[PDB]
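To start, the structure itself, in structure tokens.
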Amino acid sequence: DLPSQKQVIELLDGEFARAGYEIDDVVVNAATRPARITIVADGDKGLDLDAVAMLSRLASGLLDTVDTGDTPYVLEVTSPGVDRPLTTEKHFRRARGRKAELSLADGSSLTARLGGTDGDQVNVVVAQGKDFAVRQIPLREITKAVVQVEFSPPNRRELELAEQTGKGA
């Protein structure tokens, strides 16, 4: 059949990196006519149309080296999307379960999946080895919070924790 997400990534990651680009995610969708393989990539300087086309050429060339069989697919290389910034406690509540990039007041940053709010805290869920940590961060320590677009579905255990912690609308 079609290669797994992991197969596409092992196939492309090195070449993409060698071209100066990072692979953020890969989606092999076999539920459309025809199937779509989506590569989500980025560089320090985003993806302009030149880069999108170059990486599409790269990726398609590399994927032709693979036995797809009689199964027909379409390839797309895209930038990671943009999603809402969050300002109020209500916003955080509504964004429970979403992945977020948080800038902290001490200058550090953190990518984590948002849990519920709890008093003046927000719960966050972070991967830690094969397991997870649930941390509370005070709203007054978050100076920027941006929800990320997700292409592959969230890790099931991670989403379970993020969605059954604290309050969220």
Side-chain angles (χ1 to χ4, degrees), residues 4-10 12-13 16-17 20-32 35-49 51-52 55-56 59 74-169:
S4 71
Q5 164 189 73
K6 180 175 74 184
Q7 260 152 332
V8 182
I9 288 169
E10 291 180 7
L12 303 185
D13 189 53
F16 271 48
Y21 294 94
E22 190 166 18
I23 295 185
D24 184 47
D25 199 358
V26 165
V27 163
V28 179
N29 178 15
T32 38
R36 310 182 94 193
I37 294 177
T38 304
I39 319 289
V40 177
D42 204 5
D44 278 14
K45 314 186 80 192
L47 288 188
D48 57 20
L49 289 173
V52 171
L55 296 179
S56 299
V74 173
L75 182 77
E76 177 195 2
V77 176
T78 181
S79 64
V82 337
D83 206 326
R84 50 184 159 143
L86 310 172
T87 300
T88 72
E89 168 152 11
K90 182 164 172 176
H91 288 161
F92 280 84
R93 277 167 55 237
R94 210 198 157 163
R96 174 160 74 170
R98 295 306 298 277
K99 187 178 180 200
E101 189 176 347
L102 309 179
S103 297
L104 301 190
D106 58 10
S108 70
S109 55
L110 175 61
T111 301
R113 185 167 303 280
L114 297 170
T117 66
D118 185 8
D120 57 343
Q121 314 273 318
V122 64
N123 293 293
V124 303
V125 187
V126 283
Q128 165 182 311
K130 280 185 46 69
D131 303 318
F132 296 90
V134 178
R135 180 180 328 171
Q136 295 197 334
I137 299 181
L139 255 201
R140 72 183 162 268
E141 290 192 10
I142 302 166
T143 48
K144 189 179 190 169
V146 177
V147 168
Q148 307 297 104
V149 175
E150 288 180 80
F151 294 69
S152 295
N155 177 278
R156 177 185 54 89
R157 288 177 53 205
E158 187 180 275
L159 185 60
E160 184 188 12
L161 296 166
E163 288 189 340
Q164 309 188 237
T165 204
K167 283 178 27 199

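In this chain, residues are counted from 1 in sequence order.
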Which of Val27, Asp24, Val28 passes side-chain contact (heavy atoms from CB on, under 4.5 Å) with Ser152? Answer is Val27
Test: salt bridge (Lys or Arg N to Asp or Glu O under 4.0 Å). Region: residues 88-100. Which pairs qualify, not counting sequence neighbours?
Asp83-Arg98
Could you report the tightest heavy-atom contact between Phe92 and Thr87, atom names first, then the distance?
CE1-O, 4.3 Å
Could you tell me which residues satisfy side-chain contact (heavy atoms from CB on, under 4.5 Å) with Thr32, sequence neighbours excluded, listed by chain and number?
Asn29, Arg36
Test item: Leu110 and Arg135 side chains (from C-beta on) under 4.5 Å apart, heavy atoms
yes
Can you pull the side chain to side chain donor-acceptor pair (under 3.5 Å) pairs that have at least one residue in residues 101-111, sequence neighbours excluded?
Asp106-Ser108
Identify each donor-acceptor pair in which a side-chain atom of residues 156-169 lies under 3.5 Å from a protein atom, sequence neighbours left out, and give them as a table.
residue, atom, partner, partner atom, Å
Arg157, NH1, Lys130, O, 3.1
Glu158, OE2, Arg113, NE, 2.6
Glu158, OE2, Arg113, NH2, 3.1

Indicate yes or no: at least one non-hydrogen side-chain atom of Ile142 is less than 4.5 angstrom from one of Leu104.
yes
Straight-line distance of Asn123 CG to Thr117 OG1, nearest 0.5 Å:
8.0 Å
Going by heavy atoms in the side chains, are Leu114 and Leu102 under 4.5 Å from each other?
yes
What distance do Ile39 atom CD1 and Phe151 atom CZ have between them, rounded to the nearest 0.5 Å?
11.5 Å
Over 12 non-hydrogen atoms of neighbours within 6.0 angstrom of CD in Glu22
no
For the residue pair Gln121 and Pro138, what are the closest heavy atoms and their distance?
OE1-N, 3.5 Å
Using every non-hydrogen atom in the two residues, find where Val126 and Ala112 come nearest and quote the distance to one decimal.
CG1-CB, 3.5 Å
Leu55 side chain near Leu47 side chain, heavy-atom distance below 4.5 Å:
yes
Not counting sequence neighbours, which residues clear side-chain contact (heavy atoms from CB on, under 4.5 Å) with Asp42? List them please.
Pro80
Of all the heavy-atom pairs spanning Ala59 and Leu75, show the shortest one and how long it is.
CB-CD2, 3.6 Å
Which residues pass the salt bridge (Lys or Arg N to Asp or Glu O under 4.0 Å) test with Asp120, sequence neighbours left out?
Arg140
Minimum heavy-atom separation for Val77 and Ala41, please, with both atom names.
CG1-CB, 4.4 Å
